[PDB]
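Student: The structure follows.
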Ligand SMILES: O=c1nc[nH]c2c1ncn2[C@H]1C[C@H](O)[C@@H](COP(=O)(O)OP(=O)(O)OP(=O)(O)O)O1
Ligand SMILES: [Zn+2]
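Chains as they are written, first to last, in this note's numbering: chain B, 97 to 276; chain S, 92 to 368; chain D, 92 to 368; chain L, 92 to 368; chain E, 92 to 368; chain Z, 92 to 368; chain P, 92 to 368.
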């Protein structure tokens, strides 16, 4: 039986974390739906998301929340990235001026055992594409190009995306600190 | 600090073959029958009173919101029992009960006493489905009534829907049971003197259940037994989602926690009841 | 459905000039002294145990989290009393207590009995500030000890910090008081037979206080008084923020709610105590 | 091993001037009024039932013979109360009560609480004879009724003849008082926490009086006081004819025996009540 | 016949760099924190009992006057611990403790064991002020509790205020420690087998401390060592005002006296603790 | 709170005719023989050492000043014993001993065991004056030596002058007796198990006498006798000038104080010993 | 009911990395060095006295047969120590000690204190073989002697062959250690207050070892800890062949039994000491 449970309602995040942390027999999976607080800071939202997901499932839980801070929007959306891609789908490439396309793709894991909340944060420098390209992946992957690379997260496979994305450095930190 | 399923299985076989294991079934045992738990009742009481169900929840505890419901109008509690009877003991809840793996695994064992705190005929009804016969005991007239010789006695600890005077739901009915003078209270305290219990689908939120296990330790500590002998007769608490505080409170009362797999709640309970056989 | 301050003022004058009004003071009465209420204690117990204070709160009720604290290590409850003594009865809490308008207005009246459920010397200390003298009664040895002739007896209902065996904080200590056999329990039930009470700064969250007012109605209903005469002797519940459910539960127990102005909590209480004079 | 009158007189002055002495009056206190004691009632119940009074006495105790009387016919207990009222509170018993030296010496002192176990208005009637005013408290409606400010409260512990539902005479009424839940029971147990009692004309034959003094020692022994401090607050038992067993049983319960002169029973009691002044 | 500060400084450096020097701190070490010594406690106990402080002093020794205080009334010792906790460990005694030069010079050294006979958190609190961490050991549960790996263990030899059962103040508690069976007694006698001690602010007035150094010489004399080798391991006794008799009594027990400058008591101690570094 | 001479006289006759009363004689019993008490010895030790007798007294207690004397020079303690023998047992102290009314009244009774803590042959010498014969037991060789059949055994508890190794005067000799292993210690603790003692002319200043009566209560309290039966066997303490603290300390140890008339010390003791006959 | 090697291995790692695990080594730890145990000594003492070794064994216990040997002739015990020195610490026992896997696995760990009850230099000699340095402490002069700063102290609990006065072998030497006053006794009782022990190659047959663990529970039971907290600090008893009675006696004293594989005694111990690393 598992001792840690990764809670997400997003079935595309589920197949990413099962691609690397899938063979760990100490990790289970839950699908409880939580409501995030209104703040652009990633550290504040992921810390209030774990206390709201432990209250739902009542087991040691691991939650995940991201950020897409943009220099042209002075850090917006930040942790408000979920309603931007709902509203501005590929017009988000158009509302940003050409010449200052730089942005940061941040991502955070927070595991709560019922007594303590520990936040792990990784981060990837990049720049917003001039137009959306690529088919693979999911939300905002056709618009983000990492630094040095020419391609998007959508144009790369799942092994190649996790060699650039924040989750590929968060697998090893979550496995080491939890013994998965 | 917590038993698993394979660790607790030889401990439950020993108490069952000696005839000293008694199941205690809660509201989570009728959850696969699509019945309300203690939270969906309050969502239904708030709709009748004109409350939003999230605003009604923050004015008091479960006992106190039902006390407020019962005194809102005359005959308001009688209507609730009628509505609960039509919903809890409906024919589609009967049909989900024969194909339920927990109720089949419960009735496959040859119990002698079963305690429940839920108002539905789905624990004795599970015994009728397996060809066995049961005897519901809820009031004083049931205990003095005629039974057969060797029949599993199902003790409806909080009452039955066909005897609406026995239902304890409001706060005043929980305070009336603090005297421990009701016939289900007197039968429970005498069975607790000699038997191990198995809590399935029940969470210790009732302050009269916790008060009975409190006062069994006042007999246990005053009897001045050793460290070895006062810890010999244990009770078992099967729960998917016990927190961090409640398992250590119950270690005082010789209650061990059996951690079940929370991914599938119904199959984890059914494998526990099949491991006793 | 709820008394205001000017409506309840002639009702409190009549019971006070007959000598049949007794104050009952809670944890909100020591809130202007910058002391913890029942929530800031749990935030301090969670820091010692290594919990975050928001995660520790969702594992049980107030009685159950203090029971978990006291059994975490040996002598863990003794340390809490020592720490509370340093922070509740400190010299800067003494200095805030002479200039507090509630404690001045309380001591200006010539009471004979005061009940409190908080562990601090700021209710009898308010009487010493006004030149009056008080008599703290908490344990069996205090009731049989010598007092003076006509001195206000302050009944520490939940215990005092200078007698750490009398403090009821954990869940096992609340269950020990359910027998209603302690000397503060026996004195309360006899004063409730003949006197009106005034609840100031107290919220009915203790299940042993609510159980005493429950069993006074079992004497009231069995005595078969009329509609007029069973509703004659009332108790009063001054509260800024009572909800929608709790005032109707307490109407059963002859407890009327006095709505105070929630903009300034300290001045609303002080105008109530000055209206009794 | 037994106090005399001159030895116990400074001990009773000290408790009286502190306001912590309460008289407890029995059936022997109304013996100079030519009233029946517990034996001449049974001689009168045997005449109604058709028994010889010596044969009726050997079939059970006092509680059990009155239980047999009350169930012999319908309305048989109501008739007894009516007959007792005409005989106990008659006008010639009133006339013997002003010239009685015990009732004059009792009313000369400024008591605050008097307990009696006899069904007659001759203890509060003695206070009305001396110009003082009394307040009879027997039922729940009396405790919540209006009194004056500083008036001696006469607690009719076993009931009054003008409220026939409060009279405890039969065995079933003594068993109903074993729960210690009646309003005279709750008032007695709280006064026993803080006061010395003086038993005059009473013999400990009631198993509910002896059970109250039993459970005050369970508070006294569990509080773990010393040898010196647990023996400090005494009660006093004035009796002409205590045997050899009963004074040593009551030493357990901090009850000292005052030996009165058995040649003249009325004058020995009157000199005790005059020595308190 | 008595060491000075400069003579004893190289003797204390040698035992400290070998890790075989242990401080023993008395009531005079908390004198710059404006706390009572053994004489101002008795002046405070005499005020409670109704004595004049000069008349109360001539009826017995320090152990015997506190024994008389504790048996004057029930719960009289518990109140003293509560009062001492609020006066000894107050916030203004904390503020005098960071700017005290003795407590800074004590915590600057890297000790491993510190013994104290005073009831205050100002010796381990001095170690917390310097960024170091300490471990208070007073009762049996502290010795078996978890500590860290290399942390200075502060042995509260006479007890701590947060564990009121460990405080030895009365005469009966000193006689209970004559068996040398308490966990601080057993730890002291094993550390005395191998280590030099430094007595600072302590005067040998406790007859259980003097009895431990007595029975170490009964091991020393029975082992039949020479004149040279039995005098090798010394203990040190820093005192401003030792008399003419007491330094020669302690030469029997291998205790050397370090004469400090009596003009400024606090600066003389601080220069001794800085000379060890 | 203190027995007089006429009150204690029938209590001492009962224990004497049962053979269960044993006298314990102190230094005040040899005061009419013009001998030094514990203060005039120290005035004589200060003259030898070159001290003024008022300055020598303020450097330590009685045990500690004699320890300082014995280590001032070699053979200094032996000289003191020789000097004491010439002064205490002189021929003019013999002549004052036949005409002493206390020593005549002591020897007139037929004792079986007498304990003394003074170094003089005036207690067994009083028995030789009355024609009786005594047996001095001080060392191990005396207990195993031959006696006669029924002869009063005088136990020199602190030693005798004709056996100078048995004298306990210095502090190191009192610490050697804290093990309670000496033959007078073992004989005292067995006689205390079964007999009442009468302390005459002795003040409880020896911390080894007080420690023996301490540890008899540790047997008394652990045996869990009642309040009545643990207080049955008393000891008696005849003293002209006991203070206000010491009689209440000794009530713990079942020691009652007999107040003698302080105007004439010798005649008050003699009337006590004649009242036993 | 008995730990295995893999179960006890994480329990021993936790106590070792905290520095709170101390080995206790017996006579079975020197069995692979071809040395006598407690039975082959008696076979050698019987040859000297002229007994057959099977007839000499049935006249008393091990302590009593060595007491009979030592008093058979003058200087008979001195010769035994000389003979044991030649055979226990011989050069061929040194050569078996470097290639012994138990002594290599013992010295590979970084201990701070090791207790032994055998008279041979093969426990500190194992530490010298691994390049480490040890400090043998057997007598009073060793504890007060100079050591280095951080060196494993080997406590020869029963004595060493190079100090023949410290060897306890005869019955009179075991009775002299019942006072628990020797320097190895005082050091053991203070280390037992705070540390877990690991008994390797030792069987509890010494009545002074069993008496020390007896009196640690008298401190444990009088401290009134809970069921959970009094069972927290355990000791460990590695034994190939413990019977059926002795493991249940030692559960009283918080001693758990580690069952080792009895087929190869030396390899089972070595795998235990390697699992701690
Ligand atoms: O690494 C990523 N690579 C591509 N897209 C990502 C990533 N990480 C988040 N995203 C998208 C998903 C979602 O549209 C939004 C985060 O919002 P988020 O609240 O976490 O998604 P959710 O509520 O549907 O699932 P969950 O219950 O786990 O929070 O940005
Ligand atoms: Zn989301």
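From the three backbone atoms N, C-alpha and C, an ideal C-beta is built for every residue, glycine too.
Taking a Cβ distance cut-off of 8 Å, strictly less, list which residues of the segment 312-325 of chain Z are near chain L, in chain order.
Tutor: Cβ contacts with chain L come from 318, 319, 321 and 322.
Student: For residue 138 of chain P, does the count of other Cβ atoms within 10 angstroms reach 16, so buried, or fall short, so exposed?
Tutor: Label assigned to residue 138 of chain P: exposed.
Student: Name, please, each residue of chain S whose Cβ falls closer than 9 Å to the Cβ of residue 213 of chain B.
Tutor: Here the premise fails: no neighbours, minimum Cβ distance about 14 Å.
Student: Give me whichever residues DSSP pairs with residue 287 of chain P in a beta bridge.
Tutor: Bridge partners of residue 287 of chain P: P/112.
Student: Taking one C-beta from the segment 248-260 of chain P and one from the segment 244-259 of chain E each time, how about it: are there three or more such pairs within less than 8 Å?
Tutor: Cβ pair count under 8 Å is below three, so no.
Student: Beta-carbon of residue 141 of chain D versus every beta-carbon of chain B: anything under 9 Å?
Tutor: Yes, residue 141 of chain D lies at the interface with chain B (some Cβ there is under 9 Å from its Cβ).
Student: Please report the Cβ distance between residue 286 of chain E and residue 113 of chain E, rounded to the nearest whole angstrom; I am assuming they are in contact, meaning their Cβ atoms lie under 8 Å.
Tutor: The Cβ separation is near 5 Å, so the contact holds.
Student: Comparing the C-beta of residue 266 of chain D with each C-beta of chain S, is any distance below 9 Å?
Tutor: Residue 266 of chain D counts as touching chain S.
Student: By the DSSP assignment, the alpha helix (DSSP H) with residue 219 of chain E in it spans what residues?
Tutor: Residues 215-220.
Student: How many whole angstroms separate the CB atoms of residue 226 of chain E and residue 244 of chain E, which I take to be in contact at a CB cut-off of 8 Å?
Tutor: Correct: roughly 5 Å between the Cβ atoms.
Student: Kindly list, in the order they appear in chain Z, the residues whose Cβ is closer than 9 Å to that of residue 150 of chain E.
Tutor: Within chain Z, the residues near residue 150 of chain E are 334, 335, 336 and 337.
Student: Using a 10 Å radius around the Cβ and a threshold of 16 neighbouring Cβ atoms, would you call residue 340 of chain L buried or exposed?
Tutor: Answer is exposed; the Cβ neighbour count stays below 16.
Student: Would you please verify whether the beta carbon of residue 279 of chain E is less than 9 Å from any beta carbon of chain Z?
Tutor: Answer no: the Cβ-Cβ gap between residue 279 of chain E and chain Z never drops below 9 Å.
Student: Using a cut-off of 8 Å between C-beta atoms, extract the partners of residue 342 of chain L located in chain Z.
Tutor: In chain order: 319.
Student: For the alpha helix (DSSP H) that contains residue 153 of chain B, what are its first and last residues?
Tutor: Per DSSP, residue 153 of chain B belongs to the alpha helix (DSSP H) from 138-153.
Student: If I'm right that residue 186 of chain D touches residue 361 of chain D with Cβ under 8 Å, what's the distance once you round it to whole angstroms?
Tutor: Between residue 361 of chain D and residue 186 of chain D the Cβ distance is about 18 Å, and since that is not below 8 Å, they are no contact.
Student: Would you mind working out which of D/198, D/177 and D/118 sits nearest residue 217 of chain D, comparing C-alpha positions?
Tutor: Ranking the options by Cα distance to residue 217 of chain D, first place goes to D/198.
Student: Measuring only from the beta carbon, is residue 174 of chain B closer than 8 Å to any heavy atom that is part of ligand 1?
Tutor: No, the Cβ of residue 174 of chain B stays beyond 8 Å of every heavy atom of ligand 1.
Student: Can you round the beta-carbon distance between residue 211 of chain P and residue 179 of chain P to whole angstroms, since I take them to be within the 8 Å contact cut?
Tutor: The pair is a contact, with the Cβ atoms about 4 Å apart (cut-off 8 Å).
Student: Is the beta carbon of residue 284 of chain E less than 9 Å from the beta carbon of residue 306 of chain P?
Tutor: No.
Student: Note down the Cα distance separating residue 338 of chain L from residue 109 of chain L, rounded to an integer number of angstroms.
Tutor: Looking at the two C-alpha atoms, the distance is approximately 27 Å.
Student: Mind checking whether the beta-carbon of residue 178 of chain B lies closer than 8 Å to any heavy atom of ligand 2?
Tutor: Within the cutoff, so yes.
Student: Which whole-angstrom value is the C-beta distance of residue 116 of chain D and residue 207 of chain D, which I expect to be below 8 Å?
Tutor: At roughly 4 Å, the Cβ-Cβ gap stays under 8 Å, so residue 116 of chain D and residue 207 of chain D are in contact.
Student: Using a C-beta to C-beta distance shorter than 8 Å, which residues of chain B count as neighbours of residue 146 of chain D?
Tutor: The contacting residues are 147, 150, 208, 210, 211, 212 and 213.
Student: Is there a Cβ from chain L that is less than 9 Å from the Cβ of residue 109 of chain D?
Tutor: Cβ-Cβ to chain L under 9 Å: yes for residue 109 of chain D.
Student: Should residue 158 of chain B go down as buried or exposed, given a rule of 16 or more other Cβ atoms within 10 Å for buried?
Tutor: So residue 158 of chain B counts as buried.
Student: Count the other CB atoms, across all protein chains shown, that sit within 10 Å of the CB of residue 165 of chain S; report buried if there are 16 or more and exposed otherwise.
Tutor: Counting Cβ neighbours within 10 Å, residue 165 of chain S comes out exposed, since fewer than 16 surround it.
Student: Please report the distance separating the alpha-carbon of residue 364 of chain P from that of residue 118 of chain P.
Tutor: Their backbone Cα atoms lie some 17 Å apart in a straight line.
Student: Starting from residue 255 of chain P, find everything on chain E with Cβ-Cβ shorter than 7 Å and list it in chain order.
Tutor: Under the 7 Å cutoff, chain E gives no residues; its nearest Cβ is about 14 Å from residue 255 of chain P.
Student: Beta carbon of residue 132 of chain B: closer than 8 Å to some heavy atom of ligand 2?
Tutor: Result yes, Cβ under 8 Å from ligand 2.
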